[PDB]
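S.K.: just dropping in an experimental structure and the matching sequence.
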Amino acid sequence: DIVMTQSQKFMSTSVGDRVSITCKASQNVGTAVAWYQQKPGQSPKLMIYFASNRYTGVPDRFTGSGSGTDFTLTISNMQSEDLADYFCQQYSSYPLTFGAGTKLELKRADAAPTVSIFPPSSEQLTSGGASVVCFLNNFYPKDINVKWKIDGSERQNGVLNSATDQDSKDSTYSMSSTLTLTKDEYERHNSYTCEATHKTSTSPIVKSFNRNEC
Amino acid sequence: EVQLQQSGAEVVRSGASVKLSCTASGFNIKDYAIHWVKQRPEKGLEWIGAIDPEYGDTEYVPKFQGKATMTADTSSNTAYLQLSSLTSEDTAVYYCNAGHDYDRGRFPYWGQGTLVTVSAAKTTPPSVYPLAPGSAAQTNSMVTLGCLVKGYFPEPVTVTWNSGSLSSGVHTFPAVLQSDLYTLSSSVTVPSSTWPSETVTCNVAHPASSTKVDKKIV
Amino acid sequence: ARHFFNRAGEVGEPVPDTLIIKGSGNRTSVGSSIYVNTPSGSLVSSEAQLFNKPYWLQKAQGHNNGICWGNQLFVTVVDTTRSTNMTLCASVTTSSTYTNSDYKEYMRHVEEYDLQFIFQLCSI
Amino acid sequence: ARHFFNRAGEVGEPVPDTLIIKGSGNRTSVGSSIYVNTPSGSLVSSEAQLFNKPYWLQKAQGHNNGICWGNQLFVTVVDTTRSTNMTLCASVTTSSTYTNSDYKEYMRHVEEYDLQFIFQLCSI
């Protein structure tokens, strides 16, 4: 069993720069190494095969190299469409093995998030449940903290967070935070507040609503 | 014009067999070397085996021998992959790949992917909830709208808005598993002159259960 | 006889004991005694050609002295002196470098004939 | 043609760009394309001998019908059928054991001829 060991699981870079991904073999495999690209929610696409041969399709931007046990994929000048996972594969002997995932992220400049709070819909409040959502869209970097306030008091239980990966088009990130309460508990308080603190501002972005006024 | 269509996602209880199919790879006189790849959210990609139509040769991995059985129908067709005693470690997306004409390394032609979920309970349809702004404290410019998908099983669900139209300014958030049920969120940003001027509707398609359509109103 | 080799598998009829002195510390298992030789047609030349030259049926070996009963004639021909198999190579793609996966190899053979006859009318 | 091989050194005239698809990751350098083959005289036999038998100049190809102008005659002969090279070995010393340093090896070749003529007297 030939083990494919890729250096880093994640990789940082910026638009236009040059990136090199390394793949180390546990045995000599000559040039029987292939590289693949996989975007989220899609099937992998072949990029390089036979160490340094581009497949029909793949731009000269991508170049493979290496032999024996050290192999490298190089991306000379980048585009937003290159944000995906990159795998190396060995086919010198059975069984065929792949390397660990490698995520390529962009270092593009840092935007402040856009925060929108939404009270529970009238339809969901008829089911006995109440979900308050708070969308944080198009921010960079990834580090961000969301704080839920119910009548000014911080609420810890009942929060569900879902962070999006880096957007393939503008290199931004998104996050959804959902506070799910029972209708009885939702109707016992008035003020609901979603506060987002991010390094792009020294004061948190506050979005709030009142149950009585809305 | 070289794409591979598979069987489709399936929810199976533990201890039952499932059979996956492929298409347009495996013809008479041609020749292909069909491979199958398993994708576990933790182990990455794992090669299953290599089958050759026009010969029916078979090669497997010692890990999957006795777990995966491979068959090939020379007419049409090809390539059937079936798994026997299904456990929790078999919940993965399986791909049918064919390097052009022959060989191992090359997978330039991948299947669409088939998500197999081996677990108990049963397929629960999603609950779609609109996410509209609050009163009149927003106005111009541009408005964010959302649809909340809660309490469904299994992954995935397909969330679209204006019937495929308008693909910019949308955000699909990854699902979160809580109480053995999934929860998805989706947001879209449109100019204030668009909503509520013209209707905005979100469509949630769940292949193992039911499609839903919900329009957003003030 | 070009080359000699033996067949793999069990010998259905083993060598008689009277014909071999058993060994050998090692060995002990009698090797495969099923021998076959590869043939070879050797040189082909124009001087050895039987065709492209006329033949006149002056006298027949049998009693039928060239009478085509039923108004039909069977002419059998075997010619291995023109057995060259042409190799065709078609490109599926053209990679930047040379890659065997870009080409398909095919086998093709051709045969060209021209049958010429001269008959004599006969009455019975 | 006995054997085939290529020459070492730089190719003065390279293969045209149109005639070779360049590779190959490795390779990349076109091998030496200067081929030359070793000859071989094949079998020598007594039936193939031209000599040791008389030849009578019945008719000449040219206008000079065997007239030896200047009272001289040029006879050219090439005979490779008796080209055996004898190997001579002379001992410099005789050690207790066999040692190559004790012997010198020499190459020697010999040629034996016997020219026989019969002339006819002529007046002008």
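M.R.: That came through, no problem. Numbers count the residues shown, from 1 in each chain, chains lettered A, B, ... in the order given.
S.K.: spell out which parts of chain C neighbour chain B.
M.R.: Neighbours of chain B within chain C, by CB under 8 Å from any CB of the partner chain: C:92, C:101, C:104. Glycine gets a C-beta too; all of them are placed from N, C-alpha and C.
S.K.: who wins on neighbours among these?
M.R.: Neighbour counts for the residues of chain C next to chain B, by other CB atoms under 10 Å in any protein chain shown, peak at residue C:101, which reaches 20 neighbours.
S.K.: and that residue, how far is that from chain D?
M.R.: 13 Å (CB to the nearest CB, to the nearest Å).
S.K.: now residue C:84: how far from chain A?
M.R.: 34 Å.
S.K.: kindly apply the preceding question to residue B:68 instead.
M.R.: From residue B:68 to chain A the distance is 12 Å (CB to the nearest CB).
S.K.: about what we covered before: which among the residues of chain C next to chain B gets closest to chain A?
M.R.: Closest approach between these and chain A, by CB to the nearest CB: residue C:101, at 8.2 Å.
S.K.: can you pull out the strands in chain C?
M.R.: C:4-6, C:35-37, C:86-91, C:103-108 (DSSP state E).
S.K.: so which of the ones you listed comes closest to residue C:123?
M.R.: Between residue C:123 and these, the tightest spacing by CB to CB is seen for strand C:103-108, at 48.7 Å.
S.K.: what's in contact with the closest one?
M.R.: B:101, C:85-92 (CB atoms under 8 Å, 6 or more residues apart in numbering or on different chains).
S.K.: ok, of those, which one's closest to chain A?
M.R.: residue C:92 (9.2 Å).
S.K.: ok, the closest residue to the closest one other than its chain neighbours - how many residues close by?
M.R.: Closest residue in space to residue C:92, ignoring its immediate chain neighbours: residue C:102 at 5.7 Å, by CB to CB, 6 or more residues apart in numbering or on different chains. Neighbours of residue C:102 under the rule other CB under 10 Å: 18.
S.K.: is residue C:102 in contact with residue C:89, as I believe?
M.R.: No. With contacts defined as CB atoms under 8 Å, residue C:102 does not count as touching residue C:89, sitting 10.0 Å away.
S.K.: for residue A:33, give its distance to residue A:64.
M.R.: Computed as CB to CB, to the nearest Å, the residue A:33 to residue A:64 distance reads 8 Å.
S.K.: who touches both of these two?
M.R.: A:51, A:71.
S.K.: neighbour-wise, which of these two wins?
M.R.: residue A:33 (30 against 25).
S.K.: residue A:56: neighbouring residues, count only.
M.R.: Neighbours of residue A:56 (other CB under 10 Å): 12.
S.K.: how about residue A:162?
M.R.: That count, for residue A:162 with other CB under 10 Å as the rule, works out to 17.
S.K.: look up phi and psi at the closest residue to it other than its chain neighbours.
M.R.: In this structure, residue A:162 finds its nearest non-sequential neighbour in residue B:173, 4.2 Å apart by CB to CB, 6+ apart. Dihedral angles of residue B:173 (phi, psi; degrees, to the nearest 10) stand at phi -90, psi 140.
S.K.: quick one: residue B:173 and residue A:174 touch, right?
M.R.: Yes. Judged on CB under 8 Å, residue B:173 makes contact with residue A:174 at a distance of 6.7 Å.
S.K.: so what's in contact with these two at the same time?
M.R.: Joint contacts of residue B:173 and residue A:174 (CB under 8 Å, 6+ apart) are A:163-164, B:187.
S.K.: okay if I get those residues as TSV plus neighbour count?
M.R.: Output for the shared contacts of residue B:173 and residue A:174, formatted as TSV (neighbours: other CB atoms under 10 Å in any protein chain shown):
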residue	neighbour count
A:163	14
A:164	20
B:187	27
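S.K.: and residue A:43, how far from residue B:108?
M.R.: Separation of residue A:43 from residue B:108 (CB to CB) stands at 11 Å.
S.K.: re earlier: mind putting the residues of chain C next to chain B in CSV, distance to residue A:120 included?
M.R.: Compiled in CSV, the residues of chain C next to chain B are given as follows (distance: CB to CB, whole Å):
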residue, distance to residue A:120
C:92, 59
C:101, 58
C:104, 64
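S.K.: okay, now the residue in chain C positioned nearest to chain A: neighbour count?
M.R.: Going by CB to the nearest CB, chain A is nearest to residue C:93 of chain C, at 5.2 Å. Look at residue C:93: counted by other CB under 10 Å, it has 11 neighbours.
S.K.: same question, residue A:210
M.R.: With other CB under 10 Å as criterion, residue A:210 counts 16.
S.K.: so what's it bridging to?
M.R.: Judged by DSSP bridges, the bridge partners of residue A:210 are residue A:191.
S.K.: test my guess that residue A:26 contacts residue A:92.
M.R.: No. Using CB under 8 Å, residue A:26 makes no contact with residue A:92, being 11.0 Å away.
S.K.: which residues do these two both contact?
M.R.: Here residue A:26 and residue A:92 have residue A:2 as joint contacts, going by CB under 8 Å, 6+ apart.
S.K.: and residue A:87, which of the three is it?
M.R.: strand (DSSP: H, G, I helix; E, B strand; the rest coil).
S.K.: now do it against residue A:49, distance only.
M.R.: 12 Å.
S.K.: which of these two has more neighbours?
M.R.: Ranked by neighbour count (other CB under 10 Å), residue A:87 and residue A:49 place residue A:49 first, with 29 against 23.
S.K.: now the one residue sitting closest to the centre of chain C. Nearest residue, chain neighbours left out?
M.R.: Residue closest to the average C-alpha location in chain C (CA atoms, centre = their mean): residue C:80, at 6.4 Å. Nearest residue to residue C:80, sequence neighbours excluded (CB to CB, 6+ apart): residue C:41, at 6.4 Å.
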